[PDB]
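Visitor: Protein chains in written order, with the deposited numbering: chain K, 3 to 115; chain M, 2 to 109; chain H, 1 to 134; chain B, 1 to 205; chain Z, 4 to 59. The structure follows.
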RNA sequence: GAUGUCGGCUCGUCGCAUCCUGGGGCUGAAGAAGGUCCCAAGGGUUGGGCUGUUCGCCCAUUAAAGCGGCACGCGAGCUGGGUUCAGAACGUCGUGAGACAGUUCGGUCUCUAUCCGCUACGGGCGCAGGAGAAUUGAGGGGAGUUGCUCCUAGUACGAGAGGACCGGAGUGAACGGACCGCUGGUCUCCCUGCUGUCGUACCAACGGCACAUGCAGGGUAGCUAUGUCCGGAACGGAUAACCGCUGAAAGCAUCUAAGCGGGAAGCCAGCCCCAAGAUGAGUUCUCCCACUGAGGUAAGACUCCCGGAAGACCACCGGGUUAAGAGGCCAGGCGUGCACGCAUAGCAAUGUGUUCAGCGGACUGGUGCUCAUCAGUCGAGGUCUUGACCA
RNA sequence: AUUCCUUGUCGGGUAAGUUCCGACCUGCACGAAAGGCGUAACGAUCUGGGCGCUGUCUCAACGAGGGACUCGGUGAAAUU
RNA sequence: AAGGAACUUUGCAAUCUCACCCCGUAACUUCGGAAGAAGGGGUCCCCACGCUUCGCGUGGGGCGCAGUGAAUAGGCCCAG
Ligand SMILES: CC[C@H]1OC(=O)[C@H](C)[C@@H](O[C@H]2C[C@@](C)(OC)[C@@H](O)[C@H](C)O2)[C@H](C)[C@@H](O[C@@H]2O[C@H](C)C[C@H](N(C)C)[C@H]2O)[C@](C)(O)C[C@@H](C)C(=O)[C@H](C)[C@@H](O)[C@]1(C)O
Ligand SMILES: [Mg+2]
Ligand SMILES: [Mg+2]
Ligand SMILES: [Mg+2]
Ligand SMILES: [Mg+2]
Ligand SMILES: [Mg+2]
Ligand SMILES: [Mg+2]
Ligand SMILES: [Mg+2]
Ligand SMILES: [Mg+2]
Ligand SMILES: [Mg+2]
Ligand SMILES: [Mg+2]
Ligand SMILES: [Mg+2]
Ligand SMILES: [Mg+2]
Ligand SMILES: [Mg+2]
Ligand SMILES: [Mg+2]
Ligand SMILES: [Mg+2]
Ligand SMILES: [Mg+2]
Ligand SMILES: [Mg+2]
Ligand SMILES: [Mg+2]
Ligand SMILES: [Mg+2]
Ligand SMILES: [Mg+2]
Ligand SMILES: [Mg+2]
Ligand SMILES: [Mg+2]
Ligand SMILES: [Mg+2]
């Protein structure tokens with residue numbers, strides 16, 4: 003009876019480099035649209051990452067620097083984005099479903115900051 | 002699958018404690034286990050186990066620990082429930098400097 | 001947990017170094033002799049269990065030479081052994097005492113620690129030859 | 001005859017005297033009596049008890065009526081016991097005593113659609129020598145021309161577990177009433193949060 | 004190996020296809036741009052889901 | 001114009017001329033252990049050496065290591081060792097080509113199941129209103145095995161040596177069900193350690209690649225045996241061979257001819273699970289009500305969304321703002337085992353402090369920060385005949 | 001690699017060895033360039049044994065990935 | 001896990017083994033070989049001294065479970 007916390011779609015290394023890239027982009031743009039499930043995956047991974055960032059010490063920043071590879075992206079999350087959520091009990095990301103797609107028939111959605 | 006609002010943490014822990022017992026704090030290092038033993042018949046023979054502690058596993062009534070001795074040329078391991086009524090106290094021989102919470106390499 | 005084909009050590013001076021198992025049995029010591037084991041399966045030899053075994057490598061000069069087919073009692077299992085307070089014992093090497101059909105050992109003394117369960121199982125003289133009963 | 005409903009909470013390590021006993025913690029919470037089944041307006045002897053409290057808003061108009069009849073409360077769950085003739089409502093206080101054997105029944109943790117390996121035991125075949133059948137892959141399902149068919153009630157893959165299962169003669173170790181808690185030597189079936197029924201020993205010595 | 008024995012008849016075959024009947028979307032008109040949208044998503048027309056979202 | 005053939009492996013199931021276990025009669029049956037015959041097919045019937053072998057021989061066991069059937073059951077289930085293709089060799093027969101009662105090494109086992117049959121699981125309709133929930137069981141399946149020891153009792157018996165029935169206690173084996181507290185497995189990125197090289201400018205710190213985890217060391221939840229817990233029964237009824245009561249035909253005798261009582265692991269019932277499509281469609285509790293000229297609607301569902309110890313999909317369970325459902329966040333657990341930076345110590349490698357540190361998948365509660373918004377779809381008015389009871 | 005009788009008889013190893021090694025001789029039907037008997041080395045050869053090590057196995061378990069399942073797109077086949 | 005060939009026609013398959021340096025290495029032999037027989041030990045980092053070139057040896061010290069730290073990488077033997 004398969005029971006666990008994690009979902010994967012591709013392999014073990016992929017789901018990382020991808021969740022890293024999608025986190026990176028949502029923090030870069032502020033909203034992106036992707037397939038609904040991929041968004042559902044992205045939500046809590048990036049959320050925890052917003053919380054590493056707030057707290058503001060060099061340690062925090064170097065923790066962020068592992069998943070987020072663009073120095074500009076991290077500086078934004080750290081200095082701009084992190085602090086901005088302050089009295090926020092945690093968890094700004096929300097999920098909006100847009101609608102189905104042409105080629106693969108997949109329903110897609112926006113995840114926004 | 003029965004929906005009651007209840008905390009299993011405090012429920013379970015409810016009787017853990019009465020069956021839970023606190024030991025001298027040892028991460029590493031050697032230890033004398035003084036263990037009271039009735040399997041000799043009426044007789045209760047205190048036995049000594051003086052080992053290196055190789056394992057810390059568990060918590061709650063289930064918390065246990067493991068020592069390893071060599072008695073008479075051949076290796077032995079033993080696993081004591083921190084509260085085992087078959088046990089009187091444990092004391093530290095010395096304090097070890099160890100790098101990981103396991104120490105299984107000691108078998109080789 | 002011993003099976004046929006499974007080499008055990010010898011806890012005695014009976015003159016046999018390594019023996020290989022042949023048959024686990026149900027080991028009835030009590031009454032007059034040993035009794036006859038209930039069941040022809042019983043797949044594993046625990047501690048305090050009798051096995052039958054071929055004597056595989058033995059030292060020169062002994063009451064027991066190589067090829068001797070003989071009953072033995074199981075002294076040390078690597079496979080863990082749990083007690084009723086809950087502690088567990090396990091030794092690094094597997095090992096045993098070669099005996100006779102009345103249960104008494106064939107060697108003049110016993111080597112290294114033996115499982116306390118052996119005294120549970122009423123093997124007295126073996127418990128008496130024991131450097132340590134753990 | 002006797003019985004009550006409760007939820008499985010966990011298994012734990014415990015000592016009574018000097019022996020270490022695995023228990024399973026159940027909570028049999030007070031169990032209201034919603035209907036009594038009698039030979040007259042019902043026709044067989046039973047009783048009906050509720051267990052898991054319900055938000056009054058979420059209850060049906062009809063079921064609200066049912067609970068109204070006896071005037072108890074909302075409950076997520078209703079169960080019938082047999083030859084049971086209680087008075088008031090039902091807690092294990094005075095119901096079970098320490099040391100009674102009990103029949104403790106639950107619903108197995110469902111295992112999905114499993115092999116015959118999990119399901120039926122069986123064997124499967126050599127991962128070693130030339131085999132294209134490993135793992136489950138049973139051999140024949142039958143003989144050849146007589147009856148060319150396969151036996152009704154054969155054993156093959158399927159939804160495994162999720163079984164209603166009663167476990168016979170479990171020993172009641174400790175009882176804390178008013179904490180509505182009960183300890184039972186050994187395993188009760190089904191996962192935690194699970195609904196279980198503790199009842200009198202069916203047959204024993 | 005294992006092929007089918009005869010052709011299947013038109014009758015039994017369409018009997019098989021008994022179940023492939025399509026479920027048409029259960030729609031609802033959007034409270035904002037007054038065009039029919041789909042439950043728990045955005046109205047593709049205005050972009051409004053509780054106030055306003057996508058730009059169309 | 002093809003019914004694949006030895007042996008094995010996998011899965012069984014059936015007969016009884018019964019290997020064990022159960023009940024009996026007789027005995028050249030003292031007891032113990034037997035020999036034979038009758039009843040009995042519930043269950044059980046071990047692991048190895050040689051051989052392609054079934055068979056058979058031997059090792060160590062055992063309650064016992066039963067015999068056959070099912071196309072010498074089973075290749076659209078597996079093997080392909082044995083024989084019946086092509087190569088090659090030996091003995092051998094043939095002038096030869098070649099050959100065989102031989103032996104020897106080698107030698108392709110075919111993609112995607114239509115129907116029936118089978119294990120699972122939904123959809124529709126039926127069950128004289130529309131619904132929510134609790135149920136009787138008609139019937140049906142699972143299960144069913146056994147040693148050992150103790151008491152009885154050193155008793156009955158027996159010159160002795162020995163040594164019980166019956167009844168009553170324990171304790172296992174193997175098998176099955178559940179379970180993960182314990183013992184352990186494994187937990188593909190939860191923690192750490194390591195090498196080469198590439199990168200984030202460099203240092204320091206990190207990331208990739210070295211699996212589809214680069215390697216190693218641990219390892220929570222889940223899952224899991226070898227691990228743990230429970231089981232096989234007691235009782236009752238009707239029987240088998242069998243043992244008897246009463247008693248004639250036949251003044252005697254007679255278990256039978258009227259009749260009546262004992263008697264098995266077997267039969268029924270008892271135990272666990274399924275079960276009203278038990279179209280002979282059952283029972284109990286509650287809810288909405290007596291619209292409209294097929295349609296609005298009540299009670300009540302469904303769609304949808306969020307999730308689950310539920311699951312291929314469907315189905316099932318829970319939550320969906322009169323909200324703690326899930327995520328996040330907080331606190332704790334638990335894993336890992338002492339972070340970064342800095343300071344200090346040393347020529348340095350490293351060491352020490354700060355630091356039971358840092359980090360964090362699945363655990364246990366808490367919190368209205370996020371998404372469960374909004375809405376739509378569907379769903380009763382109760383056929384008839386007789387009989388009873390009331391106006 | 002010829003052996004029918006055949007699991008020939010003794011022994012070696014094995015707890016037990018119809019195979020294997022050794023010895024015998026009754027060679028069903030070895031034998032001297034269709035070579036006889038030997039030989040170090042060699043061999044993806046064949047046969048027996050041991051050590052080491054292992055999921056080959058008792059007896060299976062967990063983990064990964066790629067199919068198998070579900071939705072959207074394209075959409076065959078042997079057979080009948 | 002415990003066991004280790006009990007699997008099987010057969011260890012088929014899959015482990016173990018693995019580089020380079022040092023030491024060491026049998027019957028038999030056509031004196032070439034057998035041989036990489038078999039075994040045993042070293043392997044990383046820093047510091048001083050020396051050296052015949054990348055480097056190497058010596059001494060001392062440090063870290064880890066482990067230092068051909070990841071990839072490339074012989075299991076072996078006895079009889080026929
Ligand atoms: C790869 C796929 C091929 O199949 C095989 O290789 C299998 C492995 C052959 O058996 C091979 C291997 C083997 C062992 O048979 C399984 C062997 O006995 C035969 C002679 O050759 C098959 C099946 C043979 O059939 C069998 O032929 C026997 C003469 C009669 C038998 N019949 C009783 C039912 C029948 O099934 C046979 C003749 O090749 C089939 C004919 C139709 C073919 O030519 C077809 C095109 C095949 O080549 C094939 C489907 O492409
Ligand atoms: Mg699960
Ligand atoms: Mg899951
Ligand atoms: Mg990779
Ligand atoms: Mg552990
Ligand atoms: Mg297997
Ligand atoms: Mg067939
Ligand atoms: Mg037929
Ligand atoms: Mg059936
Ligand atoms: Mg056949
Ligand atoms: Mg079909
Ligand atoms: Mg079991
Ligand atoms: Mg646990
Ligand atoms: Mg650097
Ligand atoms: Mg790659
Ligand atoms: Mg690992
Ligand atoms: Mg300095
Ligand atoms: Mg992380
Ligand atoms: Mg011989
Ligand atoms: Mg060549
Ligand atoms: Mg091991
Ligand atoms: Mg074998
Ligand atoms: Mg075999
Ligand atoms: Mg191989």
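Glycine included, C-beta positions come from ideal geometry on N, C-alpha and C.
Less than 9 angstroms between the beta carbons of residue 45/H and residue 24/H, yes or no?
Guide: What you label residue 45/H is simply residue 45 of the third chain in a count that begins at 1. What you label residue 24/H is simply residue 24 of the third chain in a count that begins at 1. Their beta carbons are under 9 angstroms apart, which means residue 45/H touches residue 24/H by this criterion.
Visitor: CB of residue 5/K to nearest heavy atom of ligand 3: below 8 angstroms?
Guide: By 1-based counting over the first chain, the position of residue 5/K is 3. Flag set: Cβ of residue 5/K near ligand 3.
Visitor: Against chain B, does residue 87/M count as a neighbour if the rule is that its beta carbon must be under 9 angstroms from one of theirs?
Guide: Here residue 87/M refers to the residue found at position 86 of the second chain. Yes, contact with chain B.
Visitor: Quick check: the Cα distance between residue 95/M and residue 70/M, rounded to an integer number of angstroms?
Guide: As a first step, residue 95/M must be located in the second chain, where it is residue number 94. As a first step, residue 70/M must be located in the second chain, where it is residue number 69. So the alpha carbons of these two residues sit roughly 15 angstroms apart.
Visitor: Take every Cβ of the region 5-22 of chain Z, pair it with every Cβ of the region 33-53 of chain B, and state whether three or more of those distances are shorter than 8 angstroms.
Guide: Output reads no: the region 33-53 of chain B does not touch the region 5-22 of chain Z.
Visitor: By the 9 angstroms beta-carbon criterion, what residues does the region 67-91 of chain M contribute toward chain B?
Guide: Listed in sequence order: 82, 84, 85, 86, 87.
Visitor: To the nearest whole angstrom, what separates the beta carbons of residue 31/B and residue 103/B, a pair I think is in contact under 8 angstroms?
Guide: Along the fourth chain, read from residue 1 onward, the residue named residue 31/B stands at position 31. Along the fourth chain, read from residue 1 onward, the residue named residue 103/B stands at position 103. About 17 angstroms; that fails the 8 angstroms criterion.
Visitor: For residue 107/M, count the other beta carbons within 10 Å of its own beta carbon; 16 or more makes it buried, fewer makes it exposed. Which is it?
Guide: Position 106 of the second chain, counting from 1, holds the residue named residue 107/M. Under this definition residue 107/M is an exposed residue.
Visitor: Examine the Cβ distances between the region 105-113 of chain B and the region 173-186 of chain B and report whether three or more of them are shorter than 8 angstroms.
Guide: No: fewer than three Cβ pairs fall under 8 angstroms.
Visitor: Using a Cβ-Cβ cutoff of less than 6 angstroms, which residues in the same chain neighbour residue 52/Z once the five nearest sequence positions on both sides are dropped?
Guide: Within the fifth chain, the letter at position 49 stands for residue 52/Z. So the list reads 45, once near-sequence residues are dropped.
Visitor: Does the structure place the region 48-56 of chain H close enough to the region 66-86 of chain H that three or more beta carbon pairs sit under 8 angstroms?
Guide: Because the criterion of three Cβ pairs below 8 angstroms is met, the region 66-86 of chain H and the region 48-56 of chain H touch.
Visitor: So residue 63/K packs on residue 76/K, CB below 8 angstroms; how close in whole Å?
Guide: As a working mapping, residue 63/K is identified with position 61 in the first chain. As a working mapping, residue 76/K is identified with position 74 in the first chain. Indeed they touch by this definition, with Cβ atoms about 7 angstroms apart.
Visitor: Name the residues in the region 17-31 of chain B whose C-beta lies less than 7 angstroms from a C-beta of chain H; which are they?
Guide: Of all residues in the region 17-31 of chain B, 18, 19, 20 have a Cβ within less than 7 angstroms of some Cβ in chain H.
Visitor: When DSSP builds the beta bridges, which residues end up paired with residue 31/B?
Guide: Within the fourth chain, the letter at position 31 stands for residue 31/B. Paired residue(s): 90/B.
Visitor: Out of 11/B, 2/B, 194/B, which one is the CA nearest neighbour of residue 95/B?
Guide: Against the fourth chain, residue 95/B aligns to sequence position 95. Checking every option, the nearest Cα to that of residue 95/B belongs to 2/B.
Visitor: What residue does the alpha helix (DSSP H) around residue 84/M start on, and which one ends it?
Guide: For the purposes of this step, residue 84/M is identified with residue 83 of the second chain, where counting begins at 1. That residue, residue 84/M, is in no alpha helix (DSSP H); it is neither H nor E in DSSP.
Visitor: When the distance is taken between beta carbons, is residue 86/H closer than 9 angstroms to residue 87/M?
Guide: Residue mapping note: residue 87/M aligns to position 86 of the second chain, counting from 1. Residue mapping note: residue 86/H aligns to position 86 of the third chain, counting from 1. Contact flag set, yes.
Visitor: Assign residue 50/M to one of three DSSP states: helix, strand, or coil.
Guide: If you number the second chain from 1, residue 50/M lands on position 49. DSSP places residue 50/M in strand when its eight states are reduced to three.
Visitor: Helix, strand or coil for residue 48/B per DSSP?
Guide: In the fourth chain, counting from the first residue as 1, residue 48/B sits at position 48. In this structure, residue 48/B counts as strand in the three-state DSSP scheme.
Visitor: Is there a C-beta anywhere in chain B that falls below 9 angstroms from the one on residue 17/M?
Guide: Within the second chain, residue 17/M is the residue found at index 16, counting from 1. Closer than 9 angstroms to some Cβ of chain B, the Cβ of residue 17/M qualifies, so yes.
Visitor: DSSP beta-bridge partners for residue 30/K?
Guide: For the purposes of this step, residue 30/K is taken as the residue at position 28 of the first chain. Paired residue(s): none; residue 30/K is not in a bridge.
Visitor: Would you kindly report the start and end of the unbroken alpha helix (DSSP H) that includes residue 104/K?
Guide: In the first chain, the residue the question calls residue 104/K occupies position 102. Unbroken run through residue 104/K: none, as it is neither H nor E.
Visitor: Would you give the residue range spanned by the alpha helix (DSSP H) that residue 9/M belongs to?
Guide: Counted from its first residue, the second chain places residue 9/M at position 8. Start and end: 9-15.
Visitor: Heavy atom of ligand 8 less than 8 angstroms from the Cβ of residue 149/B, yes or no?
Guide: Working through the fourth chain from its first residue, we reach residue 149/B at position 149. At least one heavy atom of ligand 8 is nearer than 8 angstroms to the Cβ of residue 149/B, so yes.
Visitor: Suppose contacts are defined by Cβ-Cβ distances below 9 angstroms. Is residue 80/M in contact with residue 56/M by that definition?
Guide: Residue numbering aside, residue 80/M sits at position 79 when the second chain is read from its first letter. Residue numbering aside, residue 56/M sits at position 55 when the second chain is read from its first letter. Result yes, Cβ atoms of residue 80/M and residue 56/M sit closer than 9 angstroms.
Visitor: Distance, Cα to Cα, residue 80/H vs residue 159/B?
Guide: Counting from one through the third chain, the residue named residue 80/H turns up at place 80. Counting from one through the fourth chain, the residue named residue 159/B turns up at place 159. If you take the alpha carbons of residue 80/H and residue 159/B, they lie about 35 angstroms apart.
Visitor: For a quick check, are the C-beta atoms of residue 59/M and residue 83/M less than 9 angstroms apart?
Guide: What you label residue 59/M is simply residue 58 of the second chain in a count that begins at 1. What you label residue 83/M is simply residue 82 of the second chain in a count that begins at 1. Yes. Within cutoff.
Visitor: Assess, as a yes-or-no matter, whether the region 9-22 of chain Z is touched by the region 179-193 of chain B under the definition of 3 or more beta carbon pairs within less than 8 angstroms.
Guide: At 8 angstroms Cβ cutoff, the stretches do not touch.
Visitor: Looking only at its own chain, which residues have a Cβ that is under 8 angstroms from the Cβ of residue 148/B, when we skip the five neighbours before and after it?
Guide: Here the question's residue 148/B lines up with position 148 in the fourth chain. Counting only Cβ-Cβ distances below 8 angstroms, and skipping sequence neighbours, we find 142.
Visitor: Is the Cβ of residue 37/Z closer than 9 angstroms to any Cβ of chain K?
Guide: On the fifth chain, residue 37/Z is found 34 positions in, with the first residue counted as 1. Not one chain K Cβ lies under 9 angstroms of residue 37/Z.
Visitor: Residue 8/B by DSSP, collapsed to three states: which one?
Guide: The residue given as residue 8/B occupies position 8 in the fourth chain. Three-state DSSP puts residue 8/B in a strand.
Visitor: According to DSSP, is residue 156/B part of a helix, a strand, or is it coil?
Guide: Taking the first residue of the fourth chain as position 1, residue 156/B is located at position 156. Three-state DSSP puts residue 156/B in coil, outside helix and strand.
Visitor: Using a Cβ cut-off of 7 angstroms, pull out every chain K residue sitting near residue 44/Z, in sequence order please.
Guide: Here residue 44/Z refers to the residue found at position 41 when the fifth chain is read from its first residue. By Cβ distance, chain K contributes 99, 100, 101.
Visitor: Show which residues of chain B have a CB atom less than 9 angstroms away from the CB atom of residue 85/H.
Guide: Numbered from its first residue, the third chain carries residue 85/H at position 85. Going along chain B in sequence order, the residues near residue 85/H (Cβ under 9 angstroms) are 15, 18, 19, 20.
Visitor: Give me, in chain order, the residues of the same chain whose beta-carbon lies closer than 6 angstroms to that of residue 155/B; leave out the 5 immediate sequence neighbours on both sides.
Guide: Residue 155/B sits at position 155 when you count from the first residue of the fourth chain. Only 120 meet the Cβ criterion.
Visitor: Report the neighbours of residue 63/M on chain B: residues whose CB is nearer than 7 angstroms to its CB, in chain order.
Guide: On the second chain, position 62 is the one that residue 63/M refers to. 13, listed in chain order.
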